[PDB]
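*Asks:* Below: one structure in structure tokens.
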Amino acid sequence: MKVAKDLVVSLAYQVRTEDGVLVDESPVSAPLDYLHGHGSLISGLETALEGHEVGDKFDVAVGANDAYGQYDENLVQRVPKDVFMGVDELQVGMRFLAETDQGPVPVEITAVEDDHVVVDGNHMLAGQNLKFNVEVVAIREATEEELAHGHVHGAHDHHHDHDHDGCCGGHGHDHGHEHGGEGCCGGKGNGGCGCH
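As structure tokens, this is what we get:
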């Protein structure tokens with residue numbers, strides 16, 4: 001059999017960013033069981049797991065192409081100036097407006113290239129391709145209720161589900177209350193006060 005959608009599969013995997021950082025890692029003694037294709041792990045990883053082997057380890061790259069970056073390939077378009085060379089100013093970086101079938105798509109030349117120019121938005125928040133190894137441990141199908149809530153042998157047994165509140169995690173509301181610890185004994189008193 002081969003791993004596929006609608007099939008709970010516990011596969012541990014370690015992910016690491018090119019910067020040399022580890023976003024998450026699953027040990028073999030504790031594989032994360034979930035519905036393949038639609039369970040939790042980014043789809044780029046689920047689809048890449050389809051057709052592999054139970055108990056086999058494999059490496060799959062998935063981040064900006066379909067995971068955390070989600071680069072928008074529908075916004076990048078390379079075309080020569082033959083379609084436009086009189087916009088009151090043709091230079092790399094300038095902002096242009098292309099009306100593709102998807103509607104009005106704003107573009108911005110970033111660097112002209114032979115054959116045609118290159119226009120795109122900003123990838124600073126995208127193009128984050130990460131590399132992580134995955135290892136399938138089991139492959140089973142969930143029942144109607146298991147695939148309904150997207151869980152395997154649990155559904156109701158599963159812990160809570162986004163029900164708590166009041167927590168923040170961010171910051172910027174209030175800052176600087178009493179400087180530091182107690183008022184501390186400082187204030188002023190030049191002249192002497194026993195010094196070096």
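According to the entry's author numbering, the sequence shown holds residues 1 to 196 in order. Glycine included, every Cβ here is placed at the ideal spot set by N, Cα and C.
Any idea what DSSP makes of residue 143, helix, strand or coil?
*Replies:* Translated into positions along the sequence shown, residue 143 becomes position 143. Coil at residue 143, not helix or strand.
*Asks:* Take residue 158 and list the residues in its own chain whose beta-carbon comes closer than 8 Å to its own, dropping the five residues that flank it on each side.
*Replies:* To locate residue 158, count along the sequence shown from 1; it is residue 158. Only 149 and 151 meet the Cβ criterion.
*Asks:* Are the beta-carbon atoms of residue 38 and residue 147 separated by less than 9 Å?
*Replies:* Along the sequence shown, one-based indexing puts residue 38 at 38. Along the sequence shown, one-based indexing puts residue 147 at 147. Yes; because the gap between Cβ atoms is below 9 Å, this pair is in contact.
*Asks:* Contact check, residue 32 vs residue 3 under 8 Å by CB: the rounded distance?
*Replies:* By 1-based counting over the sequence shown, the position of residue 32 is 32. By 1-based counting over the sequence shown, the position of residue 3 is 3. So it is not a contact: roughly 14 Å between Cβ atoms.
*Asks:* Where does residue 12 sit, in a helix, a strand or coil, going by DSSP?
*Replies:* Here residue 12 refers to the residue found at position 12 of the sequence shown. If DSSP states are grouped into helix, strand and coil, residue 12 belongs with the strands.
*Asks:* DSSP has residue 134 in a bridge; who is on the other side?
*Replies:* Position 134 of the sequence shown holds residue 134. Answer by DSSP bridge pairing, in chain order: 13 and 58.
*Asks:* Between the beta-carbon of residue 134 and the beta-carbon of residue 34, is there less than 9 Å?
*Replies:* On the sequence shown, position 134 is the one that residue 134 refers to. On the sequence shown, position 34 is the one that residue 34 refers to. Result no, Cβ atoms of residue 134 and residue 34 do not sit closer than 9 Å.
*Asks:* Have a look at residue 8 and residue 64 and give me their C-alpha separation to the nearest angstrom.
*Replies:* Working through the sequence shown from its first residue, we reach residue 8 at position 8. Working through the sequence shown from its first residue, we reach residue 64 at position 64. For residue 8 and residue 64, the distance between alpha carbons rounds to 25 Å.
*Asks:* Rounded C-beta distance between residue 111 and residue 92? I'm assuming under 8 Å.
*Replies:* Stepping through the sequence shown from its first residue, residue 111 is reached at position 111. Stepping through the sequence shown from its first residue, residue 92 is reached at position 92. Yes, they are in contact, since the Cβ atoms of residue 111 and residue 92 sit about 5 Å apart, within 8 Å.
*Asks:* Quick check on residue 111: does DSSP put it in helix, strand or coil?
*Replies:* Taking the first residue of the sequence shown as 1, we reach residue 111 at position 111. Note: residue 111 maps to coil in three-state DSSP.
*Asks:* State yes or no: is the beta carbon of residue 124 nearer than 9 Å to at least one beta carbon in chain B?
*Replies:* No chain B is present in this structure, which holds just one protein chain.
*Asks:* Roughly how many angstroms lie between the CA atoms of residue 57 and residue 132, to the nearest whole one?
*Replies:* On the sequence shown, residue 57 is found 57 positions in, with the first residue counted as 1. On the sequence shown, residue 132 is found 132 positions in, with the first residue counted as 1. Cα to Cα, the separation comes out at about 11 Å.
*Asks:* Exposed or buried, what is residue 97 when buried is set at 16 or more other beta-carbons lying within 10 Å of its beta-carbon?
*Replies:* On the sequence shown, residue 97 is found 97 positions in, with the first residue counted as 1. Exposed, since its Cβ has fewer than 16 Cβ neighbours within 10 Å.
*Asks:* Just the C-alpha distance for residue 127 and residue 68, rounded to the nearest angstrom, thanks.
*Replies:* What you label residue 127 is simply residue 127 of the sequence shown in a count that begins at 1. What you label residue 68 is simply residue 68 of the sequence shown in a count that begins at 1. The alpha-carbon atoms of residue 127 and residue 68 are separated by roughly 9 Å.
*Asks:* Around the C-beta of residue 162, are 16 or more other C-beta atoms found within 10 angstroms, so that it is buried, or is it exposed?
*Replies:* Your numbering for residue 162 matches position 162 in the sequence shown. Under this definition residue 162 is an exposed residue.
*Asks:* Determine whether the beta carbon atoms of residue 94 and residue 108 lie at a separation below 9 Å.
*Replies:* Numbered from 1 along the sequence shown, position 94 holds the residue referred to as residue 94. Numbered from 1 along the sequence shown, position 108 holds the residue referred to as residue 108. Going by C-beta atoms, residue 94 is nearer than 9 Å to residue 108.
*Asks:* Roughly how many angstroms lie between the CA atoms of residue 118 and residue 103, to the nearest whole one?
*Replies:* In the sequence shown, counting from the first residue as 1, residue 118 sits at position 118. In the sequence shown, counting from the first residue as 1, residue 103 sits at position 103. Straight-line Cα distance between these residues: approximately 20 Å.
*Asks:* Measure the beta-carbon distance from residue 116 to residue 79 and round it to whole angstroms, keeping in mind my assumption that it falls under 8 Å.
*Replies:* As a working mapping, residue 116 is identified with position 116 in the sequence shown. As a working mapping, residue 79 is identified with position 79 in the sequence shown. The pair is a contact, with the Cβ atoms about 5 Å apart (cut-off 8 Å).
*Asks:* Can you tell me whether residue 22 is buried or exposed? The criterion is at least 16 other CB atoms within 10 Å of its CB, across all chains shown.
*Replies:* Along the sequence shown, one-based indexing puts residue 22 at 22. Burial call: exposed.
*Asks:* Rounded to whole angstroms, what's the CA-CA distance from residue 6 to residue 54? Just pull it up for me.
*Replies:* Locating residue 6 in the sequence shown gives position 6, where the first residue counts as 1. Locating residue 54 in the sequence shown gives position 54, where the first residue counts as 1. Residue 6 and residue 54: Cα-Cα distance of roughly 16 Å.
*Asks:* Leaving out five residues before and five after residue 123 in sequence, what residues of the same chain have Cβ atoms less than 7 Å from its Cβ?
*Replies:* Here the question's residue 123 lines up with position 123 in the sequence shown. Excluding sequence neighbours, residue 123 sits near 71.
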